[PDB]
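Working notes for the structure below.
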Amino acid sequence: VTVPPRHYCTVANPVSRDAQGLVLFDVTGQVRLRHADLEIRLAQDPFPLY
Amino acid sequence: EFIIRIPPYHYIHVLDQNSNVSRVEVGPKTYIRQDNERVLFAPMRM
């Protein structure tokens, strides 16, 4: 999914990222999430849904 | 029945029948029970 300019979208359990925005991965190979949180995403490239 | 891999962010309880002791196991890991040990119910989200 991509969001166009002047638009936004909310995805529950946002991606936990490092200081450079690189997705942090768990020891067992899982993706580091932020449980029970919502994030606002503005116009950018078509990110994937983890 | 013997093989029980719980999904990520879940747990199960397996009873040690040789000690009457119950325990919980967490983490996205595959779990195999013993003959004496018996799981009580299927995984539900933690």
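Letters A, B, ... go to the chains of the structure tokens in the order shown; residues in each chain start at 1; ligands are counted from 1 in the same order.
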
Show me which bits of chain B are within 8 Å of chain A, counting only C-alpha atoms, as a PyMOL selection string. chain B and resi 8+28-29

Output for the residues just chosen: C-alpha atoms as a PDB file, in the first residue's frame:
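This is the output file again-v6.pdb:
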ATOM      1  CA  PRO B   8       4.926 -15.740  17.969  1.00  0.00           C
ATOM      2  CA  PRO B  28       8.209 -17.878  18.877  1.00  0.00           C
ATOM      3  CA  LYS B  29       9.679 -21.352  19.360  1.00  0.00           C
TER       4      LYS B  29
END

List every residue of chain A that DSSP, applied to the backbone, labels as strand (DSSP E), and write the result as a compact mmCIF listing (two decimals) with N, CA and C atoms, in the first residue's frame.
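Listed below is the output, part-v5.txt:
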# COMPACT_ATOMS: atom_id res chain seq x y z
N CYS A 9 -2.47 7.41 6.69
CA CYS A 9 -3.06 6.14 7.08
C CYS A 9 -2.48 5.71 8.41
N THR A 10 -3.24 4.88 9.13
CA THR A 10 -2.85 4.39 10.44
C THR A 10 -2.80 2.87 10.42
N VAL A 11 -1.69 2.31 10.89
CA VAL A 11 -1.51 0.87 11.01
C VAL A 11 -1.21 0.55 12.47
N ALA A 12 -1.99 -0.37 13.05
CA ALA A 12 -1.77 -0.77 14.43
C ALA A 12 -0.45 -1.54 14.56
N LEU A 38 -0.50 2.99 17.75
CA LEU A 38 -0.90 3.44 16.42
C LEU A 38 0.10 4.47 15.92
N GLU A 39 0.35 4.46 14.61
CA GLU A 39 1.29 5.36 13.98
C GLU A 39 0.64 6.06 12.79
N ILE A 40 1.02 7.31 12.57
CA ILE A 40 0.52 8.10 11.46
C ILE A 40 1.58 8.13 10.37
N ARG A 41 1.23 7.64 9.18
CA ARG A 41 2.14 7.59 8.05
C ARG A 41 1.69 8.58 6.99

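Nearest residue to residue 22 in chain B, choosing from B:34, B:39, B:46, B:10 and counting only C-alpha atoms: B:39.
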
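With CA of residue 48 in chain A on one side and CA of residue 15 in chain A on the other, the separation reads 10.9 Å.
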
Could you name the residues that touch residue 43 in chain A at 9 Å or less, counting only C-alpha atoms, but leaving out those on the same chain fewer than 2 positions away, as a PyMOL selection string? chain A and resi 2-8+41+45-46

Could you save those same residues with C-alpha atoms as a CSV table (one decimal), in the first residue's frame?
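The resulting selection-v4.csv:
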chain,number,residue,atom,x,y,z
A,2,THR,CA,1.1,3.6,-0.8
A,3,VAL,CA,-0.5,6.8,0.6
A,4,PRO,CA,-0.7,9.7,-1.9
A,5,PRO,CA,0.2,13.3,-1.0
A,6,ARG,CA,-2.1,15.2,1.4
A,7,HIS,CA,-3.2,11.8,2.8
A,8,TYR,CA,-2.4,9.6,5.7
A,41,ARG,CA,2.1,7.6,8.0
A,45,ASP,CA,7.1,5.3,-1.0
A,46,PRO,CA,4.9,2.2,-1.0

Test item: residues at most 7 Å from residue 37 in chain A, only C-alpha atoms, excluding those fewer than 3 positions along its chain, as a VMD selection string: chain A and resid 12 to 14 34

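CA of residue 33 in chain B to CA of residue 9 in chain B spans 19.2 Å [interatomic distance, one decimal].
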